[PDB]
Protein chains: 4
Amino acid sequence: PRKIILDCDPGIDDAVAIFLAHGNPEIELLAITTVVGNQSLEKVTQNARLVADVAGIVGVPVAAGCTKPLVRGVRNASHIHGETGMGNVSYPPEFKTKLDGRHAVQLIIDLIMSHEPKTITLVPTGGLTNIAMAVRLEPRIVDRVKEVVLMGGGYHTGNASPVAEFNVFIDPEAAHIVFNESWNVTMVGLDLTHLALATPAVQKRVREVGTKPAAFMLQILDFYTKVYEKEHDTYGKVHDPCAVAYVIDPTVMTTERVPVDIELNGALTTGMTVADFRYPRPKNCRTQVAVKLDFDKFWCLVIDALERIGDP
Amino acid sequence: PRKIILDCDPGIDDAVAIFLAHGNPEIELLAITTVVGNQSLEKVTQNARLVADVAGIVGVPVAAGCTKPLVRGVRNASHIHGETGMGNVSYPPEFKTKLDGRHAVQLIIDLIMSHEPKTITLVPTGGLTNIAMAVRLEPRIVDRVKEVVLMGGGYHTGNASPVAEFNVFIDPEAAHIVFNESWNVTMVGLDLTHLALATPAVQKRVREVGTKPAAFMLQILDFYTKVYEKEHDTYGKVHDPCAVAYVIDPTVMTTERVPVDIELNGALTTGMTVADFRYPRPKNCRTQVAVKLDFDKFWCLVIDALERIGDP
Amino acid sequence: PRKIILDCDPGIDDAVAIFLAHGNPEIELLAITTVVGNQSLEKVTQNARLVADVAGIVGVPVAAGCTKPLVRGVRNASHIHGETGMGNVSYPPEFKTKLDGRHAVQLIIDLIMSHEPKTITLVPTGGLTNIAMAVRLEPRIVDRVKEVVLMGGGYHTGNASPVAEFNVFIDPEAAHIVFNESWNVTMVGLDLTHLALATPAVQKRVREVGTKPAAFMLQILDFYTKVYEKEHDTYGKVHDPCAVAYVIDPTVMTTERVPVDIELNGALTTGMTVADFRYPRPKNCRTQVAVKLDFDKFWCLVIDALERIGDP
Amino acid sequence: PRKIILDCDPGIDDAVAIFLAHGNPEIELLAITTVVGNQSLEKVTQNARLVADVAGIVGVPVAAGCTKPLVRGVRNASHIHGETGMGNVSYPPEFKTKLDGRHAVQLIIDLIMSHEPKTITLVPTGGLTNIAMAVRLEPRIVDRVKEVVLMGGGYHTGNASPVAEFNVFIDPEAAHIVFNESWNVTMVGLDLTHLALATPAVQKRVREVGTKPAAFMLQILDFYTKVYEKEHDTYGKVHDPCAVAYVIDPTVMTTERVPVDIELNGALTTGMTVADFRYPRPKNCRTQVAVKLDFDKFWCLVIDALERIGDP
Ligand SMILES: [Ca+2]
Ligand SMILES: [Ca+2]
Ligand SMILES: [Ca+2]
Ligand SMILES: [Ca+2]
């Protein structure tokens, strides 16, 4: 089983990633780290513990990370109408899963320096401030990391801006730091995750599993889908999971090796992931971007995982 | 016939545009203005007069414009090996077509203010510094212009940089000015002009015309194709003409109405044409980008024009 | 007499400059050009004609220039409480002085190209967009200009921003263009004009002149002083005039030859005039900044001029 | 005694600071942290241990910090001609003072969280990357810190650039983070440290102390003075110590409370410490800049401290 560390900011997307990681036999979830994002770190951490409780994950540490982006201020942009805990779901009086005592950054450095080299695969699905920190704090980790698979960015697509994606836009500096280290980086951006649609056929499929987790996922997804993408006439889509999926089977998506950098001072482009697809491509490129997604193989994995989790 | 003003920096691309404008009965070439570009203004102006002589264009003024970009310094980047005049073609001792006495900017302002409103269509195919100047000098012109169709930019493609196109990168400021005026702008970028390939089938076709101008076009095209795109294993392509083609028949290419702006201070993005393809598109958009091109219809027009010009 | 061209955006400061130019025998006012600024171009032009009428200036053309900055949008920031025409003074039904038929930019190029080389001294006291245009339109002028003395910028002082002065901040691009041409530039910035205080002693002095123009100057100055600097407990100060003063007598202020450039893309520094006072100064420097001002010599000139104008 | 933590990048300046902190009875040196700078972190750390050995400092932990700036790459710029260890002084086979096991960042967080609130005063005299890290990792520390006194920046002076000082220019981001936290910041910039000259009178004075440390200081100072400032005809100056001096006696220098920020994306201004000295100053300002220095009082403190250290 491939050992990984899931750094996230729990929203349905991140939650589904956690289910997939836990549910799949090919993945060995080493720990779940949390980072500030659209919602405060605390809010996000609570959500993490809630999904951990629902998926009945035990033995896997959960640690809260950075509360602020490296340099940019955070736009709290809070306004969830019918939101209580996560979506319409409320938090239980007590949480089954407890919070690890150390800061997410320390945990990551610890885990990496504890296990054998090229064993752990980092999978960030939120801002990269947590990762960026560990890199500057413990340089020896970038060489020990097998590789980095993150959900974020977009070479020809953007949401937070015409050309930028949230996870990156949120803390451009952290993104830059990460993208410029000597390690291997696989960027699963919007261009990709946009293909991971939640067609009604898929919903029927998951609903068929008929487990508390399945129901949970659907309910929350539906709630948030309504608020965002349900403003238009087209299905919702999950992103974060796509990163985990790749780690499980590289054939779930096509990728292209092209250099990628982060714009940090552009009046209109700050936060954009610049990808050089130009004529002669460099022979050695530690970075690559996801392109086409295998719709079926992807969803099958999700369902399969949900089935495996069952009803804890 | 649609009245237009062709602002360019004569290189084969620009030359073909001139042939198409002149040769087509649907277009009424009001004047040919010139701007500094990859080559000096003078060099470029000489080239204009040469093609004017070859196409036997008479009665149409030719005026030289700005010699430097608004704010950016110009990278002369000159190094043409077997280049004499234009490609391997040399300049005649004297030019048949003479140079208008006024500066291109003035000529433009004059023409626009002379003819009736919404009659002239501006068609820049080089930097936009000439157009930007006229706008700031005589504001009344932006309302009198029917519309602006320019070859330049690229929303998902770039050459001068991973994300920027020459004509824009060369003078970002000028582009910005142009793209931010209240007038209608149709941007024919790389994404489009890339489809305008010069397949051998096409060459055979033009060579079949068998006129001095046809031969001229081929000879020069071949020469420059060799230097640039002939460094790899794929045909060359003409760009500039595409802009002229659109004016002749909007059905030569599909377009999309989306907001566009110019990044002016991005460390990696300066010069990029930022296009917002995001979810909800504004109802009123004076700007649109070219997407798919009608290969056949396009080339047919070019051939047709060459045929019409004949041998002056 | 030193021939000059006064490019301004009439506010009391610019008005006093006009008085000084007109009133002084050492200066030969060739023309008065107008540029957009804190107030619209039209507003500013009207003001110019009004002071021209008051100072009884005849034979000197007045031309309206650019209505918008080169690239930056203009912040109209209009909110003058008791403002009618200029300050509390109202416009007469008709203006004695008429408006020249050509655009300020053209007038400038014409004058320069008409007179003999190194004869005209350009004195801008508003945004530099007017000058910048002329330079790009007719390159031959920068060699024919004796030199450039402008009121604007600040090496250790700022007002529109912690580090930038209005005239420059308003149209950074224009400033940039001007500061990077091969001609001689004397920058009279805030560091200098801040010393030009309107102590009560000075007011008494000017009031003593007892002429319509004197009264006018005082009334307007007082009105505007109240609104701005009169928010604090310290006298008002005139700026623009200091530039003209220098042309009349270089010994009115001390200057330092140091390189100067314009920041165009700094998040906090855009518009700042960067001055390199560092250790080894270049031997050849076409730019210099004003430092210390001769308070008495300065004011004496102003009074003397007012005295000379008299009551037209 | 005022408790402090000295974060530095040992060069003579930093060394003198250490001597002053140690030697002065009013200061309680809690620990000495190290940051990458002009020289590598390791190089810098070795130098710290060397001065520690020379000053006979015992009981005070020494910890190495970050090896790279947050986001900017480091310009190693190494080329010391007659440099062996520190200046012409060589390292002993073994170091008396040992290196604390934890990373400087951790040590700082530990110390702060250990002692009582508003007890420790942070005194960084090198890049601020170390401080910035701790702040992002353990937010609770900014409230517990008494205040921040750092040597770096320049409001009207610069060295690394016409407008920027090294310590800040080296890692702009870090600086920004620090200057924008809710804690009190006292910036001792070039404007100030420039007045701390090492006149021959002073040298004679210190040489009079006649101790190994005094000799050490002089020898190194002389060596580096020769390389840098000795390229011109003016004495050398110590900077870093001035920060320490202020903590010992605020009356050693005059300060002004004015807002300060860090430019991060200016083409010419990146790294500059922007200080708003404009008309109305905010009532509440957690930041202030050093202005005039008490030459005698300063040196007296240095001498006194050297005297107190004696010959370990
Ligand atoms: Ca996420
Ligand atoms: Ca062209
Ligand atoms: Ca003015
Ligand atoms: Ca230092």
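All chains are named by letter (A, B, ...) in the order of the sequence lines, taking the proteins before the strands, and each is independently numbered beginning at 1. Below, all heavy atoms of this structure are taken into account, side chains as well, without hydrogens, waters or symmetry copies.
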One thing to verify: whether C:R72 and C:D171 come together as a salt bridge, which I'm taking to mean a side-chain N less than 4.0 angstrom from a carboxylate O.
no

Less than 4.0 angstrom from a charged side-chain N to a carboxylate O is my criterion; do B:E256 and B:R281 meet it?
yes

In terms of heavy-atom pairs under 4.5 Å, which option from C:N180, C:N265, C:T67, C:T270 contacts chain B the most?
C:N265

Examine whether an atom of B:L264 lies under 4.5 Å from a heavy atom of chain C, and if so say whether it belongs to the side chain, the backbone or both; otherwise answer neither.
side chain

Give, as side chain, backbone, both or neither, the part of C:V105 having an atom under 4.5 angstrom from any heavy atom of chain B.
side chain

Can we say B:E138 and B:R144 salt-bridge, meaning some charged N sits less than 4.0 Å from an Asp/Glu carboxylate O?
no

Rounded to the nearest 0.5 Å, what's the gap from CE on B:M272 to OG on B:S161? Could you check?
9.0 Å

Where does C:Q106 contact chain B at under 4.5 Å (heavy atoms): side chain, backbone, both or neither?
side chain

If you count heavy-atom pairs under 4.5 Å with chain C, which of B:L137, B:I177, B:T129 comes out on top?
B:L137

Can B:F277 and B:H156 be said to form a ring pair (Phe, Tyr, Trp, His ring centres under 6.0 Å), step by step?
CA-CA 11 Å; B:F277 284 107; B:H156 284 176; 5.8 Å; yes

